[PDB]
Amino acid sequence: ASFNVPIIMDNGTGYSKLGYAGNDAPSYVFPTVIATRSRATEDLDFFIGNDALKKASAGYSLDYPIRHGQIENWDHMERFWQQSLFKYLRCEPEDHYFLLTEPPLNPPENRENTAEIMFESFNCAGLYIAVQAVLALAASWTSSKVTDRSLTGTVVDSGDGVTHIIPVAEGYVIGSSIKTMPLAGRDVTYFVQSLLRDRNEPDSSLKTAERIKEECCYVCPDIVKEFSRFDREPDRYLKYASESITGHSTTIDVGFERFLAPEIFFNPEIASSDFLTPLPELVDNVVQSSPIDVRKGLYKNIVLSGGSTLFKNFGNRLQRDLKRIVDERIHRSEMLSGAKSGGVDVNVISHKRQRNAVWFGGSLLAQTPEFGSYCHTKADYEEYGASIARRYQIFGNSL
Amino acid sequence: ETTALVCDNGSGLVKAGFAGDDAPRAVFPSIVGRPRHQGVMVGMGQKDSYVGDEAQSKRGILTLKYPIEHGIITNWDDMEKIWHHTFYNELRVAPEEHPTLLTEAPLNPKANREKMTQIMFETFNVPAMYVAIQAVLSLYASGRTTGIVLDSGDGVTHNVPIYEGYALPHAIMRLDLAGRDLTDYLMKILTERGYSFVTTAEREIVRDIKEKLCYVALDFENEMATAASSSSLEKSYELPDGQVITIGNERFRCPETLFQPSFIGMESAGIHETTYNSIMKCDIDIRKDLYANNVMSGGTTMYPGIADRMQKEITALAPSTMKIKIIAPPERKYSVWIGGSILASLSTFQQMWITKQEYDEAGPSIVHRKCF
Amino acid sequence: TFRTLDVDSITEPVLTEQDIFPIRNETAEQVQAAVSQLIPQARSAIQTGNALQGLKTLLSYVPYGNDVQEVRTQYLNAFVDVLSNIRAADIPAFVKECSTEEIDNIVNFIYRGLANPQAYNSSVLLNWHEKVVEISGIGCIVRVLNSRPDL
Amino acid sequence: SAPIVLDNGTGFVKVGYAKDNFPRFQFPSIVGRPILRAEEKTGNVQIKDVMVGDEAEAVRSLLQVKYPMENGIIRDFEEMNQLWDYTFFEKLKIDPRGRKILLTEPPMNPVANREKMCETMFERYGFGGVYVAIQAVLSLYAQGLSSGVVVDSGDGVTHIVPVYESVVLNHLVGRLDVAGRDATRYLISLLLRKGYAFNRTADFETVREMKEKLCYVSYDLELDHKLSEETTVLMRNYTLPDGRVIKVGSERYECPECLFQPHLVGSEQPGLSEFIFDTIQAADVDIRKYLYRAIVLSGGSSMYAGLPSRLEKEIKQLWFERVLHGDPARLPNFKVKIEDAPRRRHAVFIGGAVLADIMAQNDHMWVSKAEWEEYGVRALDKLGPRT
Ligand SMILES: Nc1ncnc2c1ncn2[C@@H]1O[C@H](COP(=O)(O)OP(=O)(O)OP(=O)(O)O)[C@@H](O)[C@H]1O
Ligand SMILES: Nc1ncnc2c1ncn2[C@@H]1O[C@H](COP(=O)(O)OP(=O)(O)O)[C@@H](O)[C@H]1O
Ligand SMILES: Nc1ncnc2c1ncn2[C@@H]1O[C@H](COP(=O)(O)OP(=O)(O)O)[C@@H](O)[C@H]1O
Ligand SMILES: [Mg+2]
Ligand SMILES: [Mg+2]
Ligand SMILES: [Mg+2]
């Protein structure tokens, strides 16, 4: 009959955003970290989220279950889920439907483990797994009343651990064009920490680097001209107040990091040699590998997602670079042939729900009545075994 | 009876509309598109298979495949799906009330006609229906009764000479060269310029290119010699991507296959020689008159300049004492539909329908004792 | 679609078990009668407290085949009863006083008896297996691995 | 003395003379520009301005590699000129003016590529003869057969051509745009599944060697999915030339699957067996046995382990499903024989070497320098009027 409201899980690399379907905001947005020791037994002395963060030097050792989007240790993940459900979310698993999300390009083994943990340790009524993106496309359109859905575009989901560029055409996701760069907010955070390290600042805590990004960093057109402007202009030399634990008024003199950090996205050579293709060029390759007829739709609508795309002038620079490259190719074809053309425009789109677009899209999707039919029912799991969700569907064709 | 329905299930396009009118109510490609991506977008009600104009709109991801092969239907499931789409989307009338009319290629394996009438009576409950060759409809389109119809479309082409009153079945010639073969050969010769089209949507793009930038050369060797200086035969096209395509002698090389079938490695005579042989098979009492009237119909025959070369070559074959004229209606694409509508509008046609009452006791084979 | 519907099973007929092992020349009625004659002698020998002689007599002939299931089951039941009706202390003498082929039959049938424990007593079969493997060796089990499937 | 033969394949270059049996020299078609990255860069001997060929593939650690040929056509031509210079000047170190060269080319290439390649060969070298032949006819020559359909799968593009009794059916030549390079790219993606990333340039050759050594073609899809789903026997350990070991599982049988299921790499074109079946079926009814009876594999990309058996089984199965419509009565009345000669990788070279002295001693069969210069590009029609 009348089911209970579905629950929208979200397990990012850095932040986990729980909540409910139909809500206008996540109930909890807290870091995906669990505190753990090494007369309560050592089975239960664990804290998660902000409680874990505050209780850091009291006798616990923090650990991040998720890195690069893929879960390595399983005890931490299962304990995180149980603590969330039975402490903050406050729901009984057997009388609700869950909508889990996890980044694409994950091993089927991880999905199998997630499904078996959910249907054995908790055994909820139903579990549905969606791709971090999709939800981004769903939340892209604001005034979604009956008709105005784009349903065709590109979602550049850049987050804490890994970034994904996924094209969508008429709803379906083209697998062959999926490409992923293994650099995100965490790598540039390590870069910022190293930049604080080389200048021998009085405080170089990672939280200080995060806050330095939070209120300092911005994107710049080019690096040499920005260096010249910084040399000439002296009011771009800020001193962030740290107040780490007891160092009152220990101001940290920030410097070139403010423009050197965001440039990793448009110049990935700085982070590491594991990747070397700049983000606009990689997006161009993704769009070109797509079928010819949907290229106009892919270029017309580009949707940003994740918390790492909130940099000022990020979208402007990305749009400028992509537009320049596509103009270069079109003009090359024109002088090769000798005829004018109307060209193709590019509109990188940012909206009011950039930070938690994935969660908002999941919440909007779960409210549809047809969503219930798509979930994995518990009877199906108990009949077909624990490998009911191993056939990876969005990227690539099985068999 | 309220109205009548005419549905010319062509190989490439379907022209379905009410009778008694000159403008088709709905014309659209006969394509059934099924997506090739398991990554379902949850929500917003996307359906398993796409037909009609939605297939053309979403061809970026579907796998377009026609359900008719050289005039012979081979995927009856998608055929009935297309008919469903027509009747309850583009006509919005139940088939239980309005009788229909169908078109069939001559010399078609009659298992096709039998299964067609059987499936219509079964799953559509039409009060009555009839099947007629496109040639007689084409002849009726111009209001005359003499001439030989050159009906070339997407699947096959055929010539049926006819005098006042009765036709000449022994002189009916049919060739499989048509618009689909033209598009295939154009795709084959486009790769010689470096432009590669492989997917079905690319086939549709090349078909649009053939629609917009193709013509028939008056003299093949003369135009090939003219192609020495790339001045006038060179044109440009704008791809949906935003690309620019440069086209040369392939503009007129691909329509030439209608007259030189050996270009695509098909042993046969060009359509001009086929028409000449078909008319020569007729007796002396009839060709003296049939030379003058030559009805040209179908989508393929819409090429600019094809009529002039047809005329010059047919007079080249025919004796010099003959006067030959080629009929070139400016509405040749829908000519078969207009002929069918005119035939249905006549009040002298209600007598030889195929009603369910006579069908029940006669079975599906009645279609052969009634139509022809 | 066309990926399924395998055809390799019909175009090349694979070798079937009768092509590997010699066919049974005896008829079904003949072997059935032979077993029906041998079994009551074994039961009577069990009754008179001479289980060793009963097992020796029952071991002289051994049936096999894919059409003799029922009579083979009766033979196996009789063999299991005969073996379970033997004192344990006298086993080594019996094992040492046998030929290799007789021991092969013994180990084969006790091992088949091990396959159905819902109706048999596994302890005596395991004890006999332990003692025969200890005395004769591993070649008996090798012969079991390389015996006919119908045995 | 003897005429020279050149087979400028997309991923490899082979060269030799007439009457030869095995290629005299084979080396990747790569061009190496110097580059310094986060490596140790030992100064082994020296780094020259442009390093190509065996030296390039050996010193590949310190240089970036660009492939002049992609999809069977030359993308950038200056690098390819450097390649001919290398091959003629140090691989064979014999560069006379006036000798006879027999080139090779896949069937449906653009006219401009072949025309300007011939123009370069004439003007920049001054050779007195030229002839460009399809790889398929050379593959046919390799086994000496006359009638039958031959399939050539290489690094760049896979093509098939049916020939019946010394007559090439030019209107039924095949062109499947999936080859070894697409398989290598899919292998890189499938390794990116697990976490290994190969974004450098030498890593491309590394994973190419990995697919060379480990990957194999499946014979039964469901059986191999069961094996990779329940058993760990399929796991192999491969150590990179850098010295690092990775784990490879289902990737072994999933890499070359793209040849038979091109939708894995986002290709609408039909698979290898389906395309072969369509090509054979489109022919005339008379030659259909000899098309089926003699199918010859050729090219490097056909060296996949277990490929001939899968091809034969799949073609028989598809014939059963498409013609008999499920009736198994007439299945034993079908004769198909896929040829699997050990040197089907160098069949193109062998055919070129044979044709070198088949048509030698008579210059009036091919194009000469004077004829070229006085009849322009249009002179290149004596070779063949293919479609
Ligand atoms: N045993 C093998 N297993 C798997 N792949 C192989 C094997 N042997 C060769 N290959 C593949 O074959 C390719 C070499 O093919 P080759 O260079 O002969 O074709 P090509 O001449 O470049 O083709 P084209 O003439 O179309 O350019 C290599 O890229 C390699 O990946
Ligand atoms: N205002 C901001 N500007 C730039 N980066 C930010 C900002 N806020 C957060 N970030 C970083 O971007 C990451 C992306 O946020 P979120 O999507 O919640 O993480 P995840 O990718 O783990 O799901 C954050 O974890 C953080 O490291
Ligand atoms: N303006 C045009 N010029 C040239 N060819 C055309 C034109 N319009 C349509 N065609 C060709 O005609 C074909 C459609 O023929 P059609 O009348 O539908 O025949 P049928 O009804 O038997 O399918 C198309 O495949 C197309 O290639
Ligand atoms: Mg994330
Ligand atoms: Mg028609
Ligand atoms: Mg080759």
# chains A, B, ... in the order shown; residues from 1 in each chain; ligands from 1
>>> residues_around(residues="residue C:144", least_positions_apart="5", cutoff="8 Å", atoms="only C-alpha atoms", output="list in words")
residues 104, 107 and 108 of chain C
>>> write_last_selection(atoms="C-alpha atoms", output="CSV table (one decimal), in the first residue's frame")
chain,number,residue,atom,x,y,z
C,104,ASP,CA,40.0,-53.8,-6.0
C,107,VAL,CA,37.5,-51.1,-2.2
C,108,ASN,CA,35.3,-50.1,-5.1
>>> residues_near_ligand(ligand="ligand 2", cutoff="7 Å", atoms="only C-alpha atoms and all ligand atoms", output="NGL selection string")
:A and (11-16 or 158-162 or 185-186 or 213-214 or 306-311 or 355-356)
>>> residues_around(residues="stretch 332-343 of chain B", least_positions_apart="4", cutoff="9 Å", atoms="only C-alpha atoms", output="count of residues only")
41
>>> select_by_dssp(residues="stretch 159-392 of chain A", states="strand (DSSP E or B)", output="count of residues only")
26
>>> closest_residue(among="B:13, B:306, B:290, B:187", to="ligand 5", atoms="only C-alpha atoms and all ligand atoms")
B:13
>>> residues_near_ligand(ligand="ligand 6", cutoff="7 Å", atoms="only C-alpha atoms and all ligand atoms", output="JSON, numbers by chain")
{"D": [7, 9, 135, 154, 299, 348]}
>>> interface_residues(of="chain B", to="chain D", cutoff="7 Å", atoms="only C-alpha atoms", output="list in words")
residues 191, 192, 193, 194, 198, 199, 264 and 265 of chain B
>>> interface_residues(of="chain D", to="chain A", cutoff="6 Å", atoms="only C-alpha atoms", output="mmCIF file with N, CA and C atoms, in the first residue's frame")
data_model
loop_
_atom_site.group_PDB
_atom_site.id
_atom_site.type_symbol
_atom_site.label_atom_id
_atom_site.label_comp_id
_atom_site.auth_asym_id
_atom_site.auth_seq_id
_atom_site.Cartn_x
_atom_site.Cartn_y
_atom_site.Cartn_z
ATOM 1 N N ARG D 193 39.526 -0.245 -15.315
ATOM 2 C CA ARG D 193 38.525 -0.792 -14.400
ATOM 3 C C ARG D 193 39.123 -1.057 -13.024
ATOM 4 N N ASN D 199 48.765 6.192 -19.022
ATOM 5 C CA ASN D 199 48.560 7.423 -19.770
ATOM 6 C C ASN D 199 49.810 7.898 -20.491
ATOM 7 N N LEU D 264 30.970 -3.170 -28.043
ATOM 8 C CA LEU D 264 31.754 -2.914 -26.840
ATOM 9 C C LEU D 264 32.577 -1.641 -26.982
ATOM 10 N N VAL D 265 33.124 -1.398 -28.167
ATOM 11 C CA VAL D 265 33.886 -0.190 -28.434
ATOM 12 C C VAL D 265 33.017 0.882 -29.092
ATOM 13 N N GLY D 266 31.700 0.768 -28.966
ATOM 14 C CA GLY D 266 30.793 1.740 -29.548
ATOM 15 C C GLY D 266 30.778 1.758 -31.060
#
>>> residues_around(residues="residue D:377", least_positions_apart="3", cutoff="8 Å", atoms="only C-alpha atoms", output="PyMOL selection string")
chain D and resi 115+119+372+380
>>> write_last_selection(atoms="N, CA and C atoms", output="short mmCIF file (atom, residue, chain, number, x, y, z; two decimals), in the first residue's frame")
data_model
loop_
_atom_site.label_atom_id
_atom_site.label_comp_id
_atom_site.auth_asym_id
_atom_site.auth_seq_id
_atom_site.Cartn_x
_atom_site.Cartn_y
_atom_site.Cartn_z
N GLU D 115 47.54 8.75 -54.02
CA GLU D 115 48.10 9.59 -55.08
C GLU D 115 49.35 10.31 -54.60
N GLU D 119 53.29 10.04 -55.51
CA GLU D 119 54.02 11.24 -55.91
C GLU D 119 55.30 11.41 -55.11
N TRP D 372 54.75 8.89 -65.40
CA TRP D 372 54.15 9.63 -64.29
C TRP D 372 54.24 11.13 -64.52
N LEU D 380 48.15 7.13 -62.63
CA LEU D 380 48.06 6.03 -61.68
C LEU D 380 46.76 5.25 -61.86
#
>>> interface_residues(of="chain B", to="chain A", cutoff="6 Å", atoms="only C-alpha atoms", output="VMD selection string")
chain B and resid 38 to 41 60 241 to 242
>>> write_last_selection(atoms="N, CA, C and O atoms", output="short mmCIF file (atom, residue, chain, number, x, y, z; two decimals), in the first residue's frame")
data_model
loop_
_atom_site.label_atom_id
_atom_site.label_comp_id
_atom_site.auth_asym_id
_atom_site.auth_seq_id
_atom_site.Cartn_x
_atom_site.Cartn_y
_atom_site.Cartn_z
N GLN B 38 22.04 -0.20 -22.49
CA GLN B 38 21.37 -0.74 -21.32
C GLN B 38 21.31 0.26 -20.17
O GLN B 38 20.56 0.04 -19.22
N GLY B 39 22.05 1.36 -20.26
CA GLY B 39 22.09 2.35 -19.19
C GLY B 39 20.81 3.16 -19.11
O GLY B 39 20.80 4.34 -19.45
N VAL B 40 19.74 2.51 -18.66
CA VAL B 40 18.42 3.13 -18.66
C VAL B 40 18.42 4.39 -17.80
O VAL B 40 18.99 4.41 -16.70
N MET B 41 17.80 5.44 -18.31
CA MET B 41 17.59 6.69 -17.57
C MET B 41 16.30 6.54 -16.79
O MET B 41 15.21 6.61 -17.36
N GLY B 60 20.45 9.27 -32.93
CA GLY B 60 21.80 9.32 -32.39
C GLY B 60 22.17 8.12 -31.54
O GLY B 60 23.36 7.86 -31.34
N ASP B 241 26.84 17.59 -37.06
CA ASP B 241 27.89 17.86 -36.09
C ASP B 241 28.30 19.33 -36.14
O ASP B 241 28.50 19.97 -35.10
N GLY B 242 28.41 19.88 -37.34
CA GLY B 242 29.06 21.16 -37.57
C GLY B 242 30.19 21.07 -38.56
O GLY B 242 30.84 22.09 -38.84
#
>>> closest_atom_pairs(of="chain D", to="chain C", cutoff="8 Å", atoms="only C-alpha atoms", output="CSV")
residue,atom,partner,partner_atom,distance
D:313,CA,C:8,CA,7.3
D:314,CA,C:3,CA,7.5
D:316,CA,C:7,CA,7.9
D:317,CA,C:7,CA,6.1
D:318,CA,C:2,CA,5.9
D:321,CA,C:2,CA,6.1
D:331,CA,C:11,CA,7.2
D:332,CA,C:11,CA,5.9
>>> residues_near_ligand(ligand="ligand 1", cutoff="7 Å", atoms="only C-alpha atoms and all ligand atoms", output="MDAnalysis selection string")
chainID D and resid 7:13 72 105:106 135 153:158 180:181 208 211:213 215 299:305 345:346
>>> residues_around(residues="residue D:136", least_positions_apart="2", cutoff="10 Å", atoms="only C-alpha atoms", output="PDB file with N, CA and C atoms, in the first residue's frame")
ATOM      1  N   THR D 104      51.739  -1.442 -50.962  1.00  0.00           N
ATOM      2  CA  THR D 104      50.526  -2.105 -50.504  1.00  0.00           C
ATOM      3  C   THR D 104      49.561  -1.058 -49.971  1.00  0.00           C
ATOM      4  N   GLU D 105      48.267  -1.395 -49.987  1.00  0.00           N
ATOM      5  CA  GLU D 105      47.267  -0.444 -49.522  1.00  0.00           C
ATOM      6  C   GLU D 105      45.950  -1.158 -49.279  1.00  0.00           C
ATOM      7  N   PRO D 106      45.283  -0.916 -48.155  1.00  0.00           N
ATOM      8  CA  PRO D 106      43.943  -1.477 -47.941  1.00  0.00           C
ATOM      9  C   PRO D 106      42.958  -0.943 -48.964  1.00  0.00           C
ATOM     10  N   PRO D 107      41.832  -1.635 -49.172  1.00  0.00           N
ATOM     11  CA  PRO D 107      41.032  -1.387 -50.387  1.00  0.00           C
ATOM     12  C   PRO D 107      40.449   0.011 -50.512  1.00  0.00           C
ATOM     13  N   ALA D 133      49.279  -2.679 -54.565  1.00  0.00           N
ATOM     14  CA  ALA D 133      48.396  -3.832 -54.588  1.00  0.00           C
ATOM     15  C   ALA D 133      47.649  -3.937 -53.269  1.00  0.00           C
ATOM     16  N   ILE D 134      46.451  -4.499 -53.341  1.00  0.00           N
ATOM     17  CA  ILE D 134      45.632  -4.722 -52.159  1.00  0.00           C
ATOM     18  C   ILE D 134      46.281  -5.811 -51.315  1.00  0.00           C
ATOM     19  N   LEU D 138      47.503 -10.240 -52.083  1.00  0.00           N
ATOM     20  CA  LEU D 138      48.778 -10.766 -51.613  1.00  0.00           C
ATOM     21  C   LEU D 138      48.569 -11.916 -50.635  1.00  0.00           C
ATOM     22  N   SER D 139      47.591 -11.782 -49.738  1.00  0.00           N
ATOM     23  CA  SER D 139      47.266 -12.885 -48.844  1.00  0.00           C
ATOM     24  C   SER D 139      46.823 -14.110 -49.628  1.00  0.00           C
ATOM     25  N   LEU D 140      46.060 -13.904 -50.700  1.00  0.00           N
ATOM     26  CA  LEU D 140      45.672 -15.016 -51.561  1.00  0.00           C
ATOM     27  C   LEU D 140      46.892 -15.664 -52.201  1.00  0.00           C
ATOM     28  N   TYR D 141      47.852 -14.849 -52.639  1.00  0.00           N
ATOM     29  CA  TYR D 141      49.073 -15.383 -53.233  1.00  0.00           C
ATOM     30  C   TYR D 141      49.865 -16.198 -52.223  1.00  0.00           C
ATOM     31  N   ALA D 142      49.801 -15.808 -50.947  1.00  0.00           N
ATOM     32  CA  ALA D 142      50.655 -16.417 -49.931  1.00  0.00           C
ATOM     33  C   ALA D 142      50.498 -17.933 -49.900  1.00  0.00           C
ATOM     34  N   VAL D 149      37.779 -16.621 -50.276  1.00  0.00           N
ATOM     35  CA  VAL D 149      37.693 -15.320 -49.625  1.00  0.00           C
ATOM     36  C   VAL D 149      38.748 -15.262 -48.531  1.00  0.00           C
ATOM     37  N   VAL D 150      39.478 -14.152 -48.472  1.00  0.00           N
ATOM     38  CA  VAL D 150      40.575 -13.975 -47.531  1.00  0.00           C
ATOM     39  C   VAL D 150      40.268 -12.773 -46.650  1.00  0.00           C
ATOM     40  N   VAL D 151      40.483 -12.928 -45.349  1.00  0.00           N
ATOM     41  CA  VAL D 151      40.253 -11.863 -44.382  1.00  0.00           C
ATOM     42  C   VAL D 151      41.594 -11.418 -43.818  1.00  0.00           C
ATOM     43  N   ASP D 152      41.819 -10.109 -43.808  1.00  0.00           N
ATOM     44  CA  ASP D 152      43.052  -9.520 -43.305  1.00  0.00           C
ATOM     45  C   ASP D 152      42.709  -8.611 -42.137  1.00  0.00           C
ATOM     46  N   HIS D 159      39.946  -5.838 -43.123  1.00  0.00           N
ATOM     47  CA  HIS D 159      39.218  -5.871 -44.381  1.00  0.00           C
ATOM     48  C   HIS D 159      39.177  -7.297 -44.908  1.00  0.00           C
ATOM     49  N   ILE D 160      38.145  -7.590 -45.695  1.00  0.00           N
ATOM     50  CA  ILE D 160      37.946  -8.905 -46.289  1.00  0.00           C
ATOM     51  C   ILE D 160      37.570  -8.725 -47.753  1.00  0.00           C
ATOM     52  N   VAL D 161      38.099  -9.592 -48.610  1.00  0.00           N
ATOM     53  CA  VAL D 161      37.839  -9.510 -50.047  1.00  0.00           C
ATOM     54  C   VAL D 161      37.589 -10.903 -50.611  1.00  0.00           C
ATOM     55  N   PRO D 162      36.467 -11.129 -51.291  1.00  0.00           N
ATOM     56  CA  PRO D 162      36.235 -12.433 -51.920  1.00  0.00           C
ATOM     57  C   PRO D 162      36.753 -12.491 -53.348  1.00  0.00           C
ATOM     58  N   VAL D 163      37.510 -13.537 -53.672  1.00  0.00           N
ATOM     59  CA  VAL D 163      38.059 -13.738 -55.007  1.00  0.00           C
ATOM     60  C   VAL D 163      37.694 -15.140 -55.465  1.00  0.00           C
ATOM     61  N   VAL D 168      38.596 -10.846 -58.956  1.00  0.00           N
ATOM     62  CA  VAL D 168      38.334 -10.150 -57.703  1.00  0.00           C
ATOM     63  C   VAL D 168      36.985  -9.454 -57.797  1.00  0.00           C
ATOM     64  N   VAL D 173      34.028  -6.042 -51.670  1.00  0.00           N
ATOM     65  CA  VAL D 173      35.155  -5.922 -50.756  1.00  0.00           C
ATOM     66  C   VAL D 173      34.663  -5.399 -49.415  1.00  0.00           C
ATOM     67  N   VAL D 296      40.536 -17.788 -45.668  1.00  0.00           N
ATOM     68  CA  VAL D 296      41.935 -17.709 -45.268  1.00  0.00           C
ATOM     69  C   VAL D 296      42.101 -16.520 -44.334  1.00  0.00           C
ATOM     70  N   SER D 298      44.418 -13.879 -42.309  1.00  0.00           N
ATOM     71  CA  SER D 298      45.697 -13.244 -42.588  1.00  0.00           C
ATOM     72  C   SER D 298      45.838 -12.012 -41.710  1.00  0.00           C
ATOM     73  N   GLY D 299      47.077 -11.563 -41.564  1.00  0.00           N
ATOM     74  CA  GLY D 299      47.377 -10.391 -40.773  1.00  0.00           C
ATOM     75  C   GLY D 299      47.812 -10.744 -39.360  1.00  0.00           C
ATOM     76  N   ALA D 347      51.551 -12.788 -44.396  1.00  0.00           N
ATOM     77  CA  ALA D 347      51.009 -13.220 -45.678  1.00  0.00           C
ATOM     78  C   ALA D 347      51.040 -12.096 -46.700  1.00  0.00           C
ATOM     79  N   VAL D 348      50.817 -10.857 -46.260  1.00  0.00           N
ATOM     80  CA  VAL D 348      50.879  -9.723 -47.174  1.00  0.00           C
ATOM     81  C   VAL D 348      52.277  -9.594 -47.760  1.00  0.00           C
ATOM     82  N   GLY D 351      52.949 -12.466 -50.250  1.00  0.00           N
ATOM     83  CA  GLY D 351      52.280 -12.220 -51.516  1.00  0.00           C
ATOM     84  C   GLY D 351      52.949 -11.128 -52.326  1.00  0.00           C
TER      85      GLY D 351
END
>>> decode(residues="stretch 70-82 of chain C", atoms="N, CA and C atoms", output="tab-separated table (two decimals), in the first residue's frame")
chain	number	residue	atom	x	y	z
C	70	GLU	N	18.59	-51.91	-10.16
C	70	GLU	CA	17.91	-52.47	-8.99
C	70	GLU	C	18.69	-53.64	-8.41
C	71	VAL	N	19.11	-54.58	-9.26
C	71	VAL	CA	19.84	-55.74	-8.78
C	71	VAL	C	21.19	-55.33	-8.20
C	72	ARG	N	21.81	-54.30	-8.79
C	72	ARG	CA	23.03	-53.76	-8.21
C	72	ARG	C	22.79	-53.18	-6.83
C	73	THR	N	21.66	-52.50	-6.63
C	73	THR	CA	21.34	-51.97	-5.30
C	73	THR	C	21.14	-53.09	-4.29
C	74	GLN	N	20.45	-54.16	-4.69
C	74	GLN	CA	20.30	-55.29	-3.77
C	74	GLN	C	21.65	-55.92	-3.45
C	75	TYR	N	22.51	-56.06	-4.46
C	75	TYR	CA	23.85	-56.60	-4.23
C	75	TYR	C	24.63	-55.72	-3.27
C	76	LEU	N	24.54	-54.40	-3.44
C	76	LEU	CA	25.26	-53.48	-2.57
C	76	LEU	C	24.74	-53.56	-1.14
C	77	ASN	N	23.42	-53.66	-0.97
C	77	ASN	CA	22.86	-53.80	0.37
C	77	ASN	C	23.35	-55.07	1.04
C	78	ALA	N	23.34	-56.18	0.30
C	78	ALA	CA	23.84	-57.43	0.86
C	78	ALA	C	25.31	-57.33	1.22
C	79	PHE	N	26.11	-56.71	0.35
C	79	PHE	CA	27.54	-56.57	0.62
C	79	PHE	C	27.78	-55.72	1.86
C	80	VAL	N	27.03	-54.62	1.99
C	80	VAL	CA	27.19	-53.75	3.16
C	80	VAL	C	26.84	-54.50	4.43
C	81	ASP	N	25.73	-55.26	4.41
C	81	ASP	CA	25.36	-56.03	5.59
C	81	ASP	C	26.42	-57.07	5.93
C	82	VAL	N	26.92	-57.78	4.92
C	82	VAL	CA	27.93	-58.81	5.15
C	82	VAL	C	29.18	-58.20	5.77
